[PDB]
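Form deposited in one PDB entry, single chain, as C-alpha cells, below.
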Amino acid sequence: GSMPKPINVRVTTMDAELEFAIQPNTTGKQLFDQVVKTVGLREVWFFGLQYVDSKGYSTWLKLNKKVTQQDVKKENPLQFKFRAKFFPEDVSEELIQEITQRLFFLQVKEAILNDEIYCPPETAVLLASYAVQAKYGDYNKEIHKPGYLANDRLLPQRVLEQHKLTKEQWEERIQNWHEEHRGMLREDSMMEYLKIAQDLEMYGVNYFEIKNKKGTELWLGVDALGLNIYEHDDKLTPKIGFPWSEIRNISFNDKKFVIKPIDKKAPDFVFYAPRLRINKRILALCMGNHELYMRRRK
C-alpha cells in the first residue's frame, strides 16, 4: 500500500503570491494554467515561469515536461517567478486586460530602476511621474507636502550618477510632472509609462555576450523584431540588424551560432557563445519572438 506524495510550490507575480500543491506527474503547462486561472490572465503567450536549477542557474520552466523532472531546486515550497518572457511590439494595441498591463508595468519599471534599460534623464523623470501618479493618484498640495517623494525609489542609479542634481531637485521636477497628470486614472498612468518605456532603445532586448571569429567581444540582442549585433561598449544602437524578413535560417552547433540570409548575395553571420546553454536560450527566444511576430501579421 501507499499514498500520493504531493509537492508544494510557490509562484510569485510582480505583486502577488500563490501557494499550492502539485503531483509527481504534474506538467509545467498544468502549473502555468493554474497560475493564470487564479489571477484571471488571458494574454498568456507573453509569460513563462522562472525557476532556479540545482546549480543556481535561472531557467524558464518547459511547459511540455513534468515540473519535478527539470532539476528545480530543493525547497519545501518550490519557488517560481511568473514573468514576461516576450514583450509586445506595441503595448497600447496588445495589452488589453488590466492585470496584464499592471504586470508588464511592474516588470518594466523594475528593469528600468535596476539600470537594465538606458534612460535619458528627462525621460527618466517623466517615467517616474507616471509611476507616482499610478501609486499616489492625483497630486494634492494639501496632502502631498514637500518631501512626499523622499523615500520613493524614483530614478535609475546611473541617471543619478551622470546628470548631477540634488535629491530634492529631482523630486521637485518629478512632482512638477505629477501635477500635470491631475486627470489620469491609475490604469491610464501605467500605460503612459509603458508607452514611453517601449520606445527606449534597450527596451525589450535580450542581451548576450558573444565573440566573432577574430575574437572581438560583441553583444547579441534578441527582441520582438529580430536580432542585432552591438559593439562591446554600445548596447544602445545596433551596428548590424537582422530583421526577421531578412533571416532565412538560424542554427547553432555547440558554441558556433550561424545566421543565414534570405538574400544569398549577403554573407552568413557567425558568432561564438561561451556555453552551449547560451545558444539554446538565444534560440528559444528567437523562435518565441518570431512566432509572436508572425501571429501579429496574419
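Residues carry their position along the shown sequence, with the first being 1. What we label the rigid core is the largest C-alpha set whose atoms superpose within 1.5 Å from one form to the other.
In what follows, reference is made to the form deposited with a partner chain bound, a form of this protein that is not presented.
- Put simply, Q50 is far from its partner chain in the entry with it bound: not one heavy atom of it is within 4.5 Å.
- In the entry with it bound, its partner chain lies farther than 4.5 Å from every heavy atom of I278.
- In the entry with it bound, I22 approaches its partner chain with a heavy atom inside 4.5 Å.
- Mapping the unseen interface onto this chain, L31 counts among the residues with a heavy atom inside 4.5 Å of its partner chain in the entry with it bound.
- Only one of 266-274, 52-60, 233-241, 22-30 lies within 4.5 Å of its partner chain in the entry with it bound by heavy atoms, and it is 22-30.
- A 2 Å or larger CA shift between this form and the one not shown, after fitting on the rigid core, occurs at just one of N140, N151, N76, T166, namely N76.
- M287 shows a C-alpha shift below 2 Å between this form and the one not shown [criterion: core-superposed Cα displacement of 2 Å].
- Core-superposed comparison between this form and the one not shown: the Cα of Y51 travels 2 Å or more.
- Superposed on the core, the two forms barely differ at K239: its CA moves less than 2 Å between this form and the one not shown.
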